[PDB]
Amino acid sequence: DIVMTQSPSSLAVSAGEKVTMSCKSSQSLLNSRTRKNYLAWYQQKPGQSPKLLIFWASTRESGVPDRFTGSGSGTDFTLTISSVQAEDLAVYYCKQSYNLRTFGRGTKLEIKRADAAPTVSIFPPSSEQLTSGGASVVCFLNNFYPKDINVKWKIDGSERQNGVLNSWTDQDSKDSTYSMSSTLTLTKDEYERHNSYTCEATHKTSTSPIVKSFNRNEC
């Protein structure tokens, strides 16, 4: 029941820059006999299981790049990532092993990169979905930055916002971009009445919306 607190909650840093985060313990993790602190650091990249980086506060686990460094004693600990790489995108947890085990609540490391415009694709309802009387028009906005983007479904010129589901991916581990998918769901009889289906993103990389569309009657 040693309590572990981490700070900052999250932070954004550009590739190359140094990062430092903190781990604080409600009790000392120092064994006076072994003269070691029982603190471990873990890396959990997006959509992955955690990976060990450091144990004994500062011992670098095998295979771990030496740009990662742990320091500290007793109740105050620190993980440093000199020169951050895009691959370093992850949530970092500290953990005491002095008495059983207890994790902190993590420090999320986001990557500041250059602005990037989405690649937009649009997809009409599949014939097999149409068979069910339902209709989903799907749009992919891939590899863009930053995360804040404005996607509006223009049905026959007029915005919709009715029956829309959106979902963002975490930051990419390679290029540090985001992707998102917008799915507009109609009934089939709904889908036939209208013809023009436009997916458009207004992103901070342009005052001109990026837009893709098809006409149902041209399919």
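So that there is no doubt, residue numbering starts at 1 and follows the sequence shown.
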As the entry reports it, the stretch among 78 to 86 and 100 to 108 with higher mean C-alpha B factor is 78 to 86
If you average the Cα B factors in the entry, which is higher, 55 to 63 or 157 to 165?
157 to 165
From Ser14, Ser196, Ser22, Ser9, pick the one with the largest CA B-factor in the entry?
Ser196
If you rank the chain by CA B-factor, which third does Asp175 end up in: lowest, middle or highest?
middle
Check where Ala40 lands among this chain's C-alpha B-factors and tell me if it's the lowest, middle or highest third.
lowest
Among the modelled residues of this chain, does the Cα B factor of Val151 put it in the lowest, middle or highest third?
highest
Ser49 - which third its CA temperature factor falls in, relative to the rest of the chain
lowest
Third of the chain's Cα B-factor distribution that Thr183 belongs to, per the entry
middle
